[PDB]
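The next block holds one structure in the form of structure tokens; read it before the comments.
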Ligand SMILES: Nc1ncnc2c1ncn2[C@@H]1O[C@H](COP(=O)(O)OP(=O)(O)O)[C@@H](O)[C@H]1O
Ligand SMILES: Nc1ncnc2c1ncn2[C@@H]1O[C@H](COP(=O)(O)OP(=O)(O)O)[C@@H](O)[C@H]1O
Ligand SMILES: Nc1ncnc2c1ncn2[C@@H]1O[C@H](COP(=O)(O)OP(=O)(O)O)[C@@H](O)[C@H]1O
Ligand SMILES: [Mg+2]
Ligand SMILES: [Mg+2]
Ligand SMILES: [Mg+2]
């Protein structure tokens, strides 16, 4: 491989690359803007050692004392239903509410799993509130204590707007101690001095400084039954989430996944990409037809279409190839369905009719031929009725209205399509038509699916295959050619159909307007 | 190899891959949900050293003292018959039962192996219970002590539902001490401080905390004849089993075993996969017939089957190959049995009869021919009776009912099949039939097994081999061709039969419906 | 690749290389001259240890004491609207202003984000000033204190020119302490001695020395409730930005980006560069025409142009190639539009007419032919009107004025250009003209876009393609030749047009003046 190939591949897949990178970067931005910020407070302690003091600070006696002093076993969480409600509320500038609770005693359900009882408190005004544990609604008032239904509560100084809801949990003392220990750090910072740096993290910048001051006071008071050089203050800039590294990670991750996905698609492609793939195998390509982005004949509705220009190129190529052919019959076939055989056949018939030659178009697709719909029809008396013997050769020929050539439709779909085509009446029809017309074009079903084209091809002096631009593979076309050669039918060459513009190609068609 | 191959192989084997990975992941989930959880308790001790204290804590004097205090030599296990009964009971929310036993003395059988006597106690109510050691049933009551049959028991505070059974074992003191020592850990956690961290694991979160408190008290009391900073508490989250790592391991193990199994099957395949394998060796393939998923002729029951379409393709190929043949006799044979020789022969005869040609089908498989069953028969007077001389050429020919061609059945199975076929009456029959029919098709046994086809092939102007899609190998077909060539029989080519859709193939047949 | 190639590439791209390097170096110089200089002060302290003193110096008690003493919570910033205003003002020699403020109390808005209140003070004279916080304009006087609108201010010794504006911020004490800590360093410098080196950086060389003296005095005074060997002095040479390394980095970065960009363009080029690329494929090149940097015929306006000399070379080559041609008709075509087909065709006609031969020029580009504009026209009765039958062969021929040859214009643009050219009247016209002229030159549309040239080429004894020097590729020309060969038209060879001078080429044309 070379760099031009990969650059063209990136240019072609730019829509997917951009979409994937933008999606990943949007998710990264949403996380870096909706994650709750985490602040850090710290304090500095003087030791007159300092290895066992580190274990004494993190022990459950000191931390438990702090938790008892500060009532850290009463967890209060402002309620937002979604997982992004809190982040949005912070972004909108809404001030978070808080409640001071000095006494809480839940009935302590203490079942197998839920060791932490919790209730929901809804604020009705600055004074009263509603409480529900499991649907049991009670009304309480700030100030006066509540002792009802096995529930004790004392609420002071509700500072929020009415309608807010708060989850109040009474978690066990060990759970509180473990929570405090997880966010608490002690370090020496000199490895030999009596200086210890205590650190604490949390989402409330005032609460963490109060908690660290309590820890320092408890440790100092316990030791004298040590000097606090720096009492706890909180850095106002949150330490998490780290926004810029998150966004950079998101962008780079999006780019790498996009690149590997494009590499995956490029390594898994097998369709035809240029006429050179067919010409390596030894197959003549007579034209490349682009997709016309424009029940009508294209060569009649839009004669100045680019696909019709490419078909005029095919017309001039054929006028030279079909010299020294045994008769004036051309058969168009292909490997797979919806490659474009009917499109090519009918539009070629129209462009050859505009030059003043008499053209007969035969729809010999007895299984799915729709040419009568595309030309305007009297669907009675098609090729079926003629072959089965219930029609004559003069009742089946009709005129294309905006075209200028004659045609024969398929007729009624028969039960034995391949066997009807083997009747000698088919060759009688071809020999009769070959004397009243300058050209006969026969449209057929694909050869890999059924065998009708190989029957028809015995009486055609020229045979061309239609290959679809991206769908078909080189192996398909080669197998189709060999299946034709085995039945005694020589295939003159190929027509590539439905070509589109690709930056990776480096093959230049003339698929652009000139005028 | 290239990535497209391996991706196609994975697509083809996806059923096996998915099944294996799902089985392994289900087993991993069952283990991670049924393994008994193991909790951890820990405590913190202050040393005013700390290297020999680690050996003193783990010594048998202190641990034995703890065991004597807590009666850890009385093992009580709630009885579940299966190895998943306890896990299911925990999952169903059933509360485990417990019994407080303060005095236990089993008769101490003390045989060669079973040093641990054990009895089974069945709860009948909150007060009384039944006891059985070796079938000896006794009744006891909570409170009053039991001294009977050399068995002493004192049970207090049965807390369970009636019908529960408990195994009560009296294990030796050293066994209890070793059990305690296995789950007990001591560490320094500072490597120089007087701080020791004691840890204990077990399935009962309260029992382990009691045991660790007992150990700490015994060590402290013995030393003063040390400060306990943190008494034992249990982390409520079990430390084992670690569910997520178990499930991840199960998934990754399933994926790796699936991949190696698929790689094993791919490296061990030798059958034919595409007509290109036969065409490399120099063998013409005239058709590829798919499996028809539809005692009847397929070309008559379901004429619009895909296999019948492929056989019409073979019919058109043969109409061109059999030109310039010495006579109108076609022989179908093959390498191995049940490749499809009778299927191809009979369905080809039907599709050639629908085109209005007179066809004779001869079942020259004198060893296992069943064509008379498939056509509707008068089994008398087949080819056997004609060759052996006890029938004429006009009594053996019959009509296929839904077909449209004549046929000759095998007749009665003879004892000398190969020698009957060598009679000049066989060539007389063929020469007579060659003037009353347009085509004669002869179905034969496989050539690797027996030699009858090589005898028949002397009088056939065309001979084709049938290769089964996945069963046969290229070597088999080449050996069959060479065995035919050695006997003076030229094989025109091959028919691949029973082809199916494979994502790894990258060879495109036309085996899809068009209509 | 070899060194001559890369050197030629650099010579060719020197304009881009120089421009990019100069841009990057200009940006580096602008940064190294506009970044605010940062000075460094330092002091030396004697310790009679020195590990905990390092943590005591950087603690918030000592630094906070310094900030309280020096009023470092009053931030004063001289206001420049742009991000380069301060640098320009320093470069112009303008002396920065300063104000001594001893008392500041802002109303402390203290909203969600803006924790730092700030006001703007505009100097009106040496005595009075104007103050605005949020549009509230107040007048104050140096000396007398201001207590108005919840704002307290005391300003002393305004030393600046009138019209200056200063931002006065009251940042929080922790923010001031963090700012001081970020620019403050302590080191031991001997790792064992009682010598400590204190360092401080900042943009004001006097303020930082005062701050470091305050820190040293506070630490010394606190310890005695230590010897200061060196009091703080400031190095007069700024430590940042480091100009020379910045400029060197800019230059080297510019060079590397230029080199990679030129390498990118060289690896992405696919156009034709020399006639050897076409001659490898087997295509005869008959001339290489340079760009003429000079609605007129070039061979008439500037006959001594270099392009006309190259066209005289083509004339002599053609006089030898067109011997043994079937007729005296030459067709010029090409692959893509604006390759130069009309330029070559018309100028070749002029140079052949000056030698005394009778020349007919036919503009057979019925879609975009403009030759009538370039020759001076009576636009009526062109080739369209003749082919459609509404004009005779004697009314369509006109004289080029400054030329010397006859010509036929296209006529009115028809709706069916390709089909008009297929009329037998075209061959009648060519056969009639072939007897009254020595040479007929036909100009055509490009062959990849439309098919008209392949129709015209049947009646031309000689056909040449024009390839554009850098635009066309070898693949394009080869595809054009093969499209012509498929239609039965033999292409004699190619003309390379619009060649320019490239140092990387190492192919020498004769494109220089001789005279
Ligand atoms: N180059 C093309 N540009 C635009 N439409 C096309 C082109 N080729 C085929 N088609 C349209 O795509 C559809 C499928 O092609 P069709 O010719 O009918 O398939 P088939 O090969 O089975 O005969 C048709 O509706 C056809 O008109
Ligand atoms: N492509 C096929 N699709 C469906 N059934 C098939 C196909 N080929 C063979 N069979 C069936 O499989 C069985 C074995 O094949 P058969 O022709 O009787 O074997 P043999 O080669 O020994 O003569 C038969 O019952 C046949 O009808
Ligand atoms: N070697 C050249 N030097 C200067 N001008 C040129 C040269 N070749 C072509 N041109 C001018 O560039 C323009 C495009 O070329 P033109 O011959 O008209 O294109 P086309 O190939 O489509 O017929 C014209 O205006 C032409 O005069
Ligand atoms: Mg079709
Ligand atoms: Mg059989
Ligand atoms: Mg032009």
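Taking only the Cα atoms of chain B, the ratio Rg/Rh comes out at 1.35, with Rh defined as the Kirkwood radius. Remark: mean inter-chain Cβ contacts per residue of A:443-449 equal 4, using a 10 Å Cβ-Cβ cutoff to other protein chain atoms. Label-to-label distances for residue C:29 across copies, nearest first, come out at 3.8, 7.1 nm, using points 7 Å from Cα in the beta-carbon direction.
Out of every Cα-Cα pair that the stretch C:366-412 contains, those further apart than 15 angstrom amount to 36 percent. The packing ranking of peptides A:357-365, C:214-222, highest mean first, is A:357-365, C:214-222, where packing means the average number of other beta carbon atoms within 10 angstrom of each residue. Shown for residue A:98: label points 7 Å from Cα along the beta-carbon vector, and their distances to the equivalent points in the other copies, 4.1, 4.2 nm in ascending order. The other copies place their residue B:130 label points at 5.7, 10.6 nm from this one, listed shortest first, where each point is 7 Å from Cα along Cα→Cβ.
Of the peptides C:436-446, C:130-140, how do they stack up when ordered by the mean number of other Cβ atoms within 10 Å, highest first?
On the way: C:436-446: 22.4, C:130-140: 13.2.
So the order, starting with the most tightly packed, is C:436-446, C:130-140.
Order these peptides, C:35-44, B:154-163, by their mean beta-carbon neighbour count within 10 angstrom, highest first.
Ranking, from highest mean packing down: C:35-44, B:154-163.
Using only the C-alpha atoms, the convex hull of the stretch A:36-186 corresponds to 157 Å³ per residue.
For the stretch B:207-360, state what percent of all Cα-Cα pairs lands in each successive 10 Å bin, counting from 0 Å until the bin that includes the largest distance. Bins of 10 Å from zero give 8, 20, 16, 10, 8, 7, 6, 6, 8, 7, 3, 1 percent of pairs. Cα convex hull, the stretch A:109-246: 226 Å³ per residue, rounded to a whole number. Taking the DSSP bridge list for the protein assembly as shown and keeping only pairs wholly inside it, about 65 percent are antiparallel. Only DSSP H runs of four or more residues enter the estimate; each adds -39500 (n - 2.57), and after division by the residues of chain B the mean residue ellipticity at 222 nm equals -11000 deg cm²/dmol.
Return the average number of partner chain Cβ atoms within 10 angstrom of each residue Cβ along peptide B:309-322. Kindly include the intermediate steps, with their values, before the conclusion.
Values: counts 5, 3, 1, 10, 11, 1, 5, 14, 6, 1, 6, 6, 3, 0.
The per-residue average across the peptide is 5.
What's the long-distance tail for the stretch A:150-226, i.e. % of Cα pairs beyond 17 Å? If you can, show how the numbers build up before the last one.
Numbers: 1936 of 2926 pairs.
The answer is 66 percent, as a whole percent.
Values of log10 I(q)/I(0) for the stretch B:356-515 across q = 0.11, 0.18, 0.20 Å⁻¹ run -0.52, -1.17, -1.33, by the Debye formula with one identical scatterer at each alpha carbon and no solvent.
For the stretch A:8-95, dividing the convex hull volume of the Cα atoms by the residue count gives 245 Å³ per residue. In this label model, residue C:227 and residue C:412 are separated by 11.4 nm, measuring between points 7 Å along each Cα→Cβ vector. With Cα atoms defining each centre, the stretch B:315-337 and the stretch B:92-145 are spaced 88 Å apart in the structure.
The share of C-alpha pairs in the stretch C:183-292 whose separation exceeds 20 Å stands at 69 percent.
Each 10 Å bin from zero up to the one holding the largest Cα-Cα distance in the stretch C:277-401 carries the following percent of pairs: 10, 38, 36, 14, 2. For the residues of A:395-404, the average number of beta carbons from a partner chain within 10 Å of their own beta carbon is 0. The orientation-averaged shadow of the Cα convex hull for the stretch A:412-460, equal to a quarter of the hull surface, comes to 3.9 nm². Taking the fewest neighbouring Cβ atoms within 10 Å as the starting point, the ordered list for A:210, B:423 is B:423, A:210.
With viscosity set to 0.890 mPa s and temperature to 25 °C, compute the Stokes-Einstein D of the protein assembly as shown, Rh being the Kirkwood radius across alpha carbon pairs; µm²/s, no decimals.
Answer, rounded: 54 µm²/s.
Centre-to-centre separation between the Cα atoms of the stretch C:397-453 and those of the stretch B:233-302: 68 Å.
Which ordering of B:251, B:285 is given by a fewest-first count of other beta-carbon atoms within 10 Å? Could you put the intermediate results ahead of the total?
On the way: B:251 16, B:285 20.
Starting with the residue having the fewest Cβ neighbours, the order is B:251, B:285.
Ranking C:451, B:199 by Cβ neighbours within 10 Å, fewest first, what do you get? Provide the component values of the computation, followed by the final result.
Details: C:451 26, B:199 17.
Lowest count first: B:199, C:451.
Of all chain A residues, the closest to the A-onto-C rotation axis by Cβ, with that distance in whole Å, is A:192, 17.
Calculated from the alpha-carbon coordinates, the stretch C:86-169 shows an Rg and a Dmax of 13.8, 41 Å respectively.
Bear in mind these aren't lab numbers, they're just calculated from the coordinates by the rules spelled out. Cβ coordinates were reconstructed from backbone atoms using ideal geometry, including for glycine residues, and neighbour counts include every protein chain displayed.
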